[PDB]
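Colleague: Return atomic coordinates for the entry below.
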Amino acid sequence: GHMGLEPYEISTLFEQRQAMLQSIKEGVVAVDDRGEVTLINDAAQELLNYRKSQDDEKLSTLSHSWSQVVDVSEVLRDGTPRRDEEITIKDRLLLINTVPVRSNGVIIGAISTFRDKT
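Modeller: Numbering: from 1, shown residues only. Next comes the structure:
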């Protein structure tokens, strides 16, 4: 039950360091309007780390097509968040969604969210 944990006091940020360090880190890629993947972030390249031209392309695949696609575009059109989906190949829920950067009005461009374990 309760044996002894002195560090538990001084180590108040410790528990936060593990939580804050966690974060999302679901790849940072920007797609002009559609899924135009021709620009990768310096941080996004660190994840994969292979080539400078290859990292540019070879992305956006699990977008999932539907009838009422216009309903999806509404998410990016307006500065509104997005929900994630669980398409898990092996206990690794995959959520491919396009969210728009926060702003105070008109917003252009869209970000591509991808979850790949490698």
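
Colleague: how about residue 26, what does it touch?
Modeller: Residue 26 sits next to 95, 113-115 when contact means CB atoms under 8 Å, 6 or more residues apart in numbering. Yep, even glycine has a C-beta here, placed from its N, CA and C like the rest.

Colleague: Next, it: secondary structure please.
Modeller: Under DSSP: H, G, I helix; E, B strand; the rest coil, residue 26 falls in the coil class.

Colleague: Look up how far residue 117 lies from residue 41.
Modeller: Distance of residue 41 to residue 117, given as CB to CB, to the nearest Å: 19 Å.

Colleague: Then residue 8?
Modeller: Distance, residue 8 to residue 117, by CB to CB: 33 Å.

Colleague: Kindly report the same for residue 7.
Modeller: Distance, residue 7 to residue 117, using CB to CB: 33 Å.

Colleague: can you give me the helices in the protein?
Modeller: Using DSSP state H, the helices of the chain run over 7-10, 14-22, 42-48, 70-77.

Colleague: Spatially, which two of the contacts of residue 26 are the most separated?
Modeller: Spatially, the most separated pair among those is 95 and 114, at 8.6 Å (CB to CB).

Colleague: how many neighbours does residue 96 have?
Modeller: Neighbour count for residue 96, taken as other CB atoms under 10 Å: 19.
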